[PDB]
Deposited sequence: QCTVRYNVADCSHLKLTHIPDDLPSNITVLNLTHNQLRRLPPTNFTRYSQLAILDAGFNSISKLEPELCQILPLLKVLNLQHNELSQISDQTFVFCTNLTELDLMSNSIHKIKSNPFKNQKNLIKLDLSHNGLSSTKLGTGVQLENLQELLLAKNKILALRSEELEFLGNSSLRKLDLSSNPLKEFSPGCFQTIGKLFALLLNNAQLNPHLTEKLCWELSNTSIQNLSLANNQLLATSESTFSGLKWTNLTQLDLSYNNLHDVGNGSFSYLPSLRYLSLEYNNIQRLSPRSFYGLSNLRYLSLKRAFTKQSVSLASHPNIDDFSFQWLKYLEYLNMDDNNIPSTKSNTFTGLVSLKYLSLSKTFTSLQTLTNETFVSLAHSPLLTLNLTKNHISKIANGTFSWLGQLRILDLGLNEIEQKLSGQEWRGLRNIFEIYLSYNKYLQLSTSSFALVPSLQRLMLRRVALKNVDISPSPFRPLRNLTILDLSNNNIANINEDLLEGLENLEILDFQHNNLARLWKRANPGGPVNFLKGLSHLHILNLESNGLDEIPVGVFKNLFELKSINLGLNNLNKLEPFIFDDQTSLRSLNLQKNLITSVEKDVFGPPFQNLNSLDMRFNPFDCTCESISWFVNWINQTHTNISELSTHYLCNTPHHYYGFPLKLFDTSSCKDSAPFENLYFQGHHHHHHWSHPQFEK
């Protein structure tokens, strides 16, 4: 039966057929979702006349009794989605007044007569989607004074009369949704009849260029701001297409998923108030210097997947030409992901003088080499972020970035870079904060590799194969303010121990899968801000005393997947703030207190399973006792902590080891 938390009585997937009484009378909620109820007799609700929100979505309800509302005088949100209600009457919701949200989302209510919501002078959001409606008309007089969000998507409405919307004579609508209706015409004045219209959703309504043109006329001279037209048949645009919007202060426009092939010249010259524009998922063939004329106030532009695709046969690629964005002088964000553009041009980005975030992931096809001229079109953009993942880049040249003097994030991962870093690629990055090089072919380092980027703070070199790493002074030496150094899966041939000297601000160090055992001293020298340290998978099997001396800030240490067994007492003497310890899949035999006491003191989480535990009081008594009385999190205790010796204890669960009989 029903479970009852704070003031709410949840009875969701039980397959009920009756309304339960066991529940409190001090509840102001009641989730009867997803059951089997015939209907909701206006009498069985007395016990909880405190019901603030009755949620009976997804049942078999057929009719609603008028008395229900009055028997429940504090019903604010009623939900009857996906029920079986037939037709609403003039007398049904006649009592519900404190109502703020009514949802009749899925009841196949084909027709509406009279004024069924005359008294809902408080209803803030009405939902009548997915029925059989063929008219927007819900009344005869100016009613629903306070309505704010009318949802009527997924119906069968073919026309917007001026007559069938006047009941909103003075209703400040924030959102009218008519998505998924087969609109064949918009009569004159249809959208004017509303008090105020702010946001309109006409997705997936089968609109084409002409009907969209007549749509924008009917929108002239209304307070609309968000207009969404995604997923229609708007194959091309003219200057006349959006002209009717010059008489509006439109702000946001969605034009994705329309199969848009050709943006006419000046298709947007009457949108000087637009800030957000989406062109995602389309087939733009060309962008010319005239394409975005008029968008002098634009801020966010997404052209992700907005171009001509690959196609099965012909090698087709869009053609954006110099200056296409020369008018977007207030733009700060530009997403150009997932497209088949060949490369940049010496003036591709010119005019974007307020740009900050430029995304170019999986954007280019014919690049592969970056040169001193590739990004010259941004020499005048205050860029902070540059994404270049997935472009098949293989070489970066001297001075490539000298233009982006104000960059902070640089992302060159998932590429095929293959070269030696003389240090001159970064020439000019005065403010760079993070550089991402993970998932590349190979980088040959040098004494100067990062000499010109001292402001750096985060550097990732995962899965890259590093050459020339045992060189003094270390290649990481100039990075005094470095805080994250994630370089794993490189398997470095020789690691001189000078590495990492001077990284006083280092907080995270990732050195996994780098066969660190061979070269092995005292790696971690003065890294007293180290918090997270991962040395997983290095074939380690005899770790020195002193490598953790003075790392008082360690919160997690991961030495899993090595060959550790014998540990010198006091190694973890300084790790008393440790929250997490993982030595899983090692060769540990004993778990003594002179080694594991300190760290265990405050540990929130421990992972030490898959180890040849020796079941003898000398090896585990202290351990097994500690395990019984600690609040620490140990997972899979009962099954993945088994004893290995002696004979009689092969595979016996550690936690079951009797300790009483010990001394």
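Student: Can you give me the gaps, meaning deposited-sequence stretches with no C-alpha coordinates, in sequence order?
Tutor: Since the structure holds only modelled residues, the stretches it omits are 521-528, 672-697.
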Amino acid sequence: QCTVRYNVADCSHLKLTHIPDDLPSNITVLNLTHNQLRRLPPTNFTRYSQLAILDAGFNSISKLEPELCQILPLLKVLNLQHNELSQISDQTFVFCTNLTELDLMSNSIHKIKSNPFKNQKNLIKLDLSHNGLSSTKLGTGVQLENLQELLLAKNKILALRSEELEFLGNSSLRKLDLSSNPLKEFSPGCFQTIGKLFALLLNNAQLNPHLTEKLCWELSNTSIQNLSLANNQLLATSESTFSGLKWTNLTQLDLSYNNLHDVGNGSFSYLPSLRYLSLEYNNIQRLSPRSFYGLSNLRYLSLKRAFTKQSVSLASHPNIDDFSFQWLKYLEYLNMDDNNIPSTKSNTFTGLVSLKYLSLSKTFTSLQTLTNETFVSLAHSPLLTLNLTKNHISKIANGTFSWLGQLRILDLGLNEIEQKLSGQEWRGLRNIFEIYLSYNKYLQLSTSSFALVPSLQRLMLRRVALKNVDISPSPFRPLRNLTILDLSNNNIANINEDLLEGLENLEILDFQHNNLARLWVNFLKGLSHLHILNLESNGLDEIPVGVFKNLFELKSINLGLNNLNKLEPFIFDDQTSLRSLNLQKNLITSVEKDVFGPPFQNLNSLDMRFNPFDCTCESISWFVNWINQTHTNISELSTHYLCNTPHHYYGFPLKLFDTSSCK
From here on, numbers count along this sequence of modelled residues.
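Student: When the Cα temperature factors in the entry are averaged, is it 393-401 or 71-79 that ends up higher?
Tutor: On average, C-alpha B-factors are higher across 71-79.
Student: So 6-14 or 645-653, which one's hotter by mean CA B-factor in the entry?
Tutor: Higher of the two, by average CA B-factor, is 6-14.
Student: Considering only 574, 510, 507, 163, which residue's Cα atom bears the greatest B-factor as recorded?
Tutor: Largest recorded C-alpha B-factor: 163.
Student: Looking at 334, 388, 138, 274, which one carries the largest C-alpha B-factor according to the PDB entry?
Tutor: Reading the PDB entry, the winner on C-alpha B-factor is 138.
Student: Per the entry's values, where does residue 280 land by CA temperature factor relative to the rest of its chain, in the lowest, middle or highest third?
Tutor: For residue 280, the deposited C-alpha B-factor lands in the lowest third.
Student: Is the Cα B-factor recorded for residue 611 in the lowest, middle or highest third of its chain?
Tutor: It falls in the bottom third of the chain.
Student: Mind checking which third residue 542 falls in for C-alpha B-factor across the chain?
Tutor: Residue 542: CA B-factor falls in the highest third of its chain.
Student: Grab the CA temperature factor for residue 413 from the record and place it in the lowest, middle or highest third of its chain.
Tutor: Lowest third of the chain for residue 413's C-alpha B-factor.
Student: So where's residue 101 on the chain's Cα temperature factor ranking, which third?
Tutor: Highest third.
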